[PDB]
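Below: one structure, written as structure tokens.
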Amino acid sequence: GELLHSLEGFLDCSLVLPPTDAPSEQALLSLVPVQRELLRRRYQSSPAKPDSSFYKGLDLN
Amino acid sequence: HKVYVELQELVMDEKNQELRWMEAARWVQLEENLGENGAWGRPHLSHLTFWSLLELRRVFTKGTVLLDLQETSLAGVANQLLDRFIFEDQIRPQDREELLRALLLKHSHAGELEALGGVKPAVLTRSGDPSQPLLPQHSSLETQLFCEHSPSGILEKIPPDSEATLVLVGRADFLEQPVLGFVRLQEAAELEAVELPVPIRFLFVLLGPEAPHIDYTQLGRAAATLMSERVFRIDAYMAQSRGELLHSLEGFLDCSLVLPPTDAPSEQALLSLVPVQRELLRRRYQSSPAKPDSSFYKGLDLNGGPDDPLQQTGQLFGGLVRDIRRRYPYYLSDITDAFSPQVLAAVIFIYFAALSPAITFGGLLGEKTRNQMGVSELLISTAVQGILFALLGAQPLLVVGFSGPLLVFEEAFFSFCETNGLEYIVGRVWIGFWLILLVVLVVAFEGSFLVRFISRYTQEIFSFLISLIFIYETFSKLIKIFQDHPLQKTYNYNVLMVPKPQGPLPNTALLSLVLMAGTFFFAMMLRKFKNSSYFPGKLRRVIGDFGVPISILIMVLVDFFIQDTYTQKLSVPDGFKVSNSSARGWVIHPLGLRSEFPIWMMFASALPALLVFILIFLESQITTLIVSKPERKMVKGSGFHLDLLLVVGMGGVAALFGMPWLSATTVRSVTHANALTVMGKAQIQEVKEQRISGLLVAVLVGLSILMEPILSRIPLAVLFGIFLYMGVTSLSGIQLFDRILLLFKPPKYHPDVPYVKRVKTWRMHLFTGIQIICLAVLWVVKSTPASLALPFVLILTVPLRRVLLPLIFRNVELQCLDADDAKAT
Amino acid sequence: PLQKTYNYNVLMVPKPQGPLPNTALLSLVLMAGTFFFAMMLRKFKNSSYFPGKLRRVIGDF
Ligand SMILES: CCCCCCCCCCCCO[C@@H]1O[C@H](CO)[C@@H](O[C@H]2O[C@H](CO)[C@@H](O)[C@H](O)[C@H]2O)[C@H](O)[C@H]1O
Ligand SMILES: CCCCCCCCCCCCO[C@@H]1O[C@H](CO)[C@@H](O[C@H]2O[C@H](CO)[C@@H](O)[C@H](O)[C@H]2O)[C@H](O)[C@H]1O
Ligand SMILES: CCCCCCCCCCCCO[C@@H]1O[C@H](CO)[C@@H](O[C@H]2O[C@H](CO)[C@@H](O)[C@H](O)[C@H]2O)[C@H](O)[C@H]1O
Ligand SMILES: CC(C)CCC[C@@H](C)[C@H]1CC[C@H]2[C@@H]3CC=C4C[C@@H](O)CC[C@]4(C)[C@H]3CC[C@]12C
Ligand SMILES: CC(C)CCC[C@@H](C)[C@H]1CC[C@H]2[C@@H]3CC=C4C[C@@H](O)CC[C@]4(C)[C@H]3CC[C@]12C
Ligand SMILES: *[C@@H]1O[C@H](CO)[C@@H](O)[C@H](O)[C@H]1NC(C)=O
């Protein structure tokens, strides 16, 4: 399930370029801001798990 | 050949709860969106998403299609569409009554936005009242990037005879699965939904409930983008059933290029996909009657190779005509591009930067040659040779003016003429004549290609030694100011200061040092603030572009407020008078002024002319090489033969009138080029090239004699800080300076440049040591009384790189170190 | 203050009586120089222009 969720997140932050008659350089360079925004949306969460390494009491607080 | 596409959403008005259709995007070969304000954003290409395309394909594989429908009004189309939905078991019979009322509703365009106060997304229910969506929502992407006059362009772009398409989207909670309806009218008819007079032929209807991985705005955008393409439009114009549309959609999906997210995106890697895209486009047109529009409109059918500024040509005067044809077609652009305030700031800076050395050298020359040539002559010559060179020159970023070696030659010539018993101002006419003949002969045979043999070695050596000597001279001037007014316990008052202050003065030296330090500090602080992030960008850049004039004004005001203390000020001659009217005139008779001129001198004056030609040619060509390197984003070409011809000809003509000849200056030209440089957030984004700045500088230098009241209040010590700032700033691009700096860093912190990775450290150090030995020898011979033999030594550096070094190093090391290009090695 | 003339017989045994020519500017120069040198050495401490041991020892003083 975690791998499936990660794949869904991967597919959410991808963009498709349809066949456009514009010059190649302009069409390919127009993607920089949109891609930057999508990646900024990709890396914003980065949550995995809290610091649950050990629930120690240690007898001395 | 082009059509109009309109996309509308079912939304609600904030003022009073009601439902209505609002347009959200328009398509004329490009996508335009509108924000909440009500003003359309800038046009841009369309970039869909994976989910929108996937869901569009899924819903279109089974959606119903009505072809050749015989209806004219919206109600008849909605009735037939709902009947077809009912027949194909798409919706239940208990849902027609609500959908019919939902579709037959008032349509409001952008012009009615502010009258209502804005709209919000709404969801239709079974009852018919709006409600908020249950699933979470997110801010739109396109309206955040592009949205944050138009009617005339919109009405102009649409061809006079064309059809339009309308797409409607909206959510309905009483539905099970999304439904797509595509209907093409038998004959185009006007519709009440679109206010534009263009008739409507196609109609898209996208309905359905809320579901994950489905966004109806993006799905409508995908449908509009699919309709906008020519091939799919032609297929729909000839399709007779759903199979043809499905095949066209599969073809459209096949030729799509999807790119995944990355970690560190770059504009260089993203440009490695240029061919692939092209190929895909061709495939999309492989099996269609249409043809691509930009078949060869993305690349120039020329070469960036054999087209070089300097090259041997089989015909006489080839370089001159080549440079003229390369440069002059840009004259209107050169005139126009000077409307930015940065040009004004550069003009103000270069005015002082060029006025001060002219005055100093004119005074020194006047006191050296018994006032045969003084300050006014040099000022007039500089003004005229700047105005003409800016109006008819090939490289308008050069700054002409008097130099040091020319002064040394003038001193030597005057001493020789005094010793031999001949006149001084007359032989210069014949030297100028020989210069004219020599430059004509040289330019006729395009003998400037030797400039190709000068590598980066000599350029770096020359620039470094020039900057270092400049800084040394500035500090020498400061120490002289200290020496004139020492720090004592007793000072005599009632001293006479009318011609010049006799004896020491109390608070002069320390005040001068303070003013210089303050000017330098303020200039550096404003330079740092230019690249900061402490204000709005426009105002920040406007303030930072005027740093030098602001600092000059601040320090001038600070000096002006002080009353009793004396500081040296700038002085210019009273009027346009010759320095010595007793033994000189405005025009010099070549035959003789007071005594006849010997014939042997007229025939033998060619020898100093050759030396003057060598000096001027070498300095000007090296300066042009340094200024116009490929790294500093120099788009327009720079000529070599035309500049040399103009400079030497102008020098000869000025020598006819008694004014001195000039040459291009390295530090001033580099400062002028750096002032007119627009930097990007670093990277040199562009360099502003124009002819107005040089012309204005020359005019101001010429008119400086008319501005005594303003120039008399500018202290001399303030300009020393500006000179130090110029000298420090002109040292950035030098590579030998970096290699000297690396002599102190440990090898752990060395940069990632090729000449560090390819070669070892103790070979780089040997290279730098050899170059420093050459610099030291040049300095020593400069201080030696045999100064006139200095330029030859410089050209003697050229064989050293060509013969001696290949006997010590290896080819890879020498090619990596002595790189002709900066970025490429 | 900064004047044109100064008295040349001024007793300064307990304290300098009357103005003196070059004291104010020399004091300002010394203050600015000390501050500038201290800041430059503080910056050089964190630089990479010498061996680390000698660089840190110099920057500490
Ligand atoms: C162009 C060929 C290659 C050039 C390489 C770079 C070298 C350029 C600078 C070298 C020439 C310097 O130009 C001039 O030289 C003389 C030599 O002492 C200097 O010193 C001179 O000062 C004044 C004249 O100005 C004289 O009274 C003095 O006797 C003389 O020594 C000048 O202050 C400097 O202006
Ligand atoms: C090695 C890198 C160099 C870049 C950094 C340089 C920093 C140190 C610069 C200070 C150099 C001192 O500069 C010093 O100026 C005074 C000016 O009065 C000269 O003094 C000389 O020339 C002046 C004319 O200007 C004469 O009136 C005077 O009689 C004569 O001694 C010294 O000969 C020179 O040595
Ligand atoms: C080191 C880098 C930083 C750069 C900063 C440099 C600061 C330089 C400060 C200069 C010292 C100011 O010097 C002081 O200025 C004021 C100007 O208001 C002068 O003028 C002051 O006194 C005179 C007469 O007493 C009044 O007429 C005047 O209204 C008053 O302002 C003082 O006579 C002078 O003593
Ligand atoms: C308003 C004018 C007169 C004074 C401007 C103040 C300038 C000189 C000072 C104030 C704050 C300073 C900035 C503070 C933060 C940084 C970030 C660093 O990564 C680069 C230097 C930079 C950008 C400093 C440059 C100098 C700076 C901009
Ligand atoms: C006291 C002797 C040994 C050294 C004095 C020179 C020091 C004070 C000065 C001279 C040039 C200055 C350097 C100039 C350039 C930079 C680059 C920057 O990225 C780090 C700071 C650093 C390195 C500056 C630190 C201070 C500096 C090294
Ligand atoms: C002008 O020239 C004359 C003759 O050469 C000379 O006597 C006079 O001193 C000159 N004036 C100056 C140097 O101011």
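In region B:673-752, if the dipole is taken from +1 on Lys/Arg beta carbons and -1 on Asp/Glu beta carbons about the Cα centre, which of B:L706, B:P751, B:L719 is farthest to the positive end?
In region B:673-752, that residue is B:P751.
Considering amide H positions built from the backbone, and no H for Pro or chain starts, which residues 5 or more places from B:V258, or on another chain, come under 5 Å of its amide H?
Under 5 Å from the amide H of B:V258 lie the amide H atoms of A:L17, each far enough along the sequence or on another chain.
Sum up the charges of everything whose Cβ sits under 12 Å from the Cβ of B:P746, counting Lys and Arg as +1 and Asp and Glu as -1, but leave B:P746 out.
Charge balance near B:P746 sits at +4.
If you take the alpha carbon radius of gyration of region B:323-465 and divide it by 2.2 N^0.38 Å, what ratio comes out, to two decimals?
Expressed relative to 2.2 N^0.38 Å, the Cα Rg reads 1.30.
Can you pull a Stokes-Einstein diffusion coefficient for chain B at 25 °C (0.890 mPa s), Rh from Kirkwood over Cα pairs, as a whole number of µm²/s?
For the chosen part, D equals 73 µm²/s.
Enumerate the calculated ³J(HN,Hα) couplings along region B:795-809 in order (Karplus 6.51 cos²θ - 1.76 cosθ + 1.60, θ = phi - 60°), each rounded to whole Hz, writing x wherever the residue is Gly or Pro.
Working through the residues one at a time gives 5, 5, 5, 4, x, 4, 5, 8, 10, 5, 4, x, 8, 10, 9 Hz.
Where the convex hull is taken over the Cα atoms of chain A, what is its projected area averaged over directions, in nm²?
For chain A, the mean projected area of the Cα convex hull comes to 7.2 nm².
In chain B, what % of DSSP beta bridges are antiparallel (nearest 5)?
60
Determine the calculated [θ] at 222 nm for chain B from helices alone, applying -39500 (n - 2.57) to every DSSP H run no shorter than 4 residues and normalising by the residue count; nearest 500 deg cm²/dmol.
One gets -15500 deg cm²/dmol as the mean residue ellipticity at 222 nm.
Sort out for me the Cα centre separation of region B:769-825 from region B:392-465, rounded to whole Å.
Between the Cα centre of region B:769-825 and that of region B:392-465, the gap is 22 Å.
Would you mind working out the magnitude of the charge dipole of region B:714-763 relative to its Cα centre, with +1 at each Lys and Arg C-beta and -1 at each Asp and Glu C-beta, to the nearest 20 Debye?
Charge dipole of region B:714-763: 440 debye, to the nearest 20.
Return the sequence-ordered ³J(HN,Hα) values of region B:24-38 in whole Hz as given by the Karplus equation 6.51 cos²θ - 1.76 cosθ + 1.60 applied to θ = phi - 60°, using x for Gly and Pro.
Karplus values, whole Hz, x for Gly and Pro: 10, 6, 10, 10, 10, 6, 7, 9, 10, 10, 10, x, 5, 5, x.
Among B:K748/C:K53; B:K760/C:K43; B:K748/B:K823; B:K629/B:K688; B:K629/B:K760, which pairs are too far apart, with a Cα-Cα distance over 20 Å?
Over 20 Å Cα-Cα: B:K760/C:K43; B:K748/B:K823; B:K629/B:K760.
List, in order, the whole-Hz ³J(HN,Hα) value for each residue of region B:71-82 obtained from phi through the Karplus relation with A = 6.51, B = -1.76, C = 1.60 and θ = phi - 60°; use x for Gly and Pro.
These are the phi-based 3J(HN,Hα) values: 9, 10, 9, 5, 5, x, 5, 5, 4, 5, 5, 5 Hz.
Quick check: convex hull of the Cα atoms in region B:613-675, volume per residue, rounded to a whole Å³?
93
To make sure I understand, if each residue's beta carbon is the centre and we count other beta carbons within 10 Å, what order do B:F416, B:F339 fall in, fewest to most?
The order, fewest Cβ neighbours first, is B:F339, B:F416.
Find the centroid of the Cα atoms in region B:102-161 and in chain C, then give the distance between the two in whole Å.
Region B:102-161 and chain C have Cα centres separated by 69 Å.
For B:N37, what is the net charge nearby, where nearby means another residue's Cβ is under 10 Å from its Cβ and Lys, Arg count +1, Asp, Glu -1?
-3
Between B:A236, B:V276, B:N371, whose Cα lies farthest towards the positive end of the dipole of the protein assembly as shown when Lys and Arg beta carbons carry +1 and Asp and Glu beta carbons carry -1, centred on the Cα centre?
B:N371
Per 10 Å bin, what percent of the C-alpha pairs of region B:710-825 does each bin hold, from zero upward?
P(r) over region B:710-825, rounded to whole percents: 10, 31, 31, 17, 7, 3, 0.
Determine the relative contact order of region B:685-825: mean sequence separation of Cα pairs under 8 Å and six or more apart, normalised by residue count, in whole percent.
20
Quick one: dipole size for chain B, taken about the Cα centre, charges +1 on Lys/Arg Cβ and -1 on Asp/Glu Cβ, in debye to the nearest 20.
3640
Suppose a student asked you for the relative contact order of region B:325-386, using Cα pairs under 8 Å spaced at least 6 residues apart; what percent would you report?
For region B:325-386, the relative contact order is 20 percent.
If I take every Cα pair under 8 Å that is 6 or more residues apart in chain C, average their sequence separation and divide by the length, what percent do I get for the relative contact order?
The normalised contact order for chain C reaches 21 percent.
Measuring from label point to label point, each 7 Å out along Cα→Cβ, what is the C:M39 to B:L104 span in nm?
Distance between label points: 7.9 nm.
Starting from the Kirkwood radius over alpha-carbon pairs of region B:271-365, derive D by Stokes-Einstein at 10 °C in a medium of 1.306 mPa s and give it in µm² s⁻¹.
79
Coordinate-derived values only; no laboratory data. Neighbour counts are summed over all protein chains in view; Cβ atoms, including those assigned to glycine, are modelled from backbone coordinates with ideal geometry.
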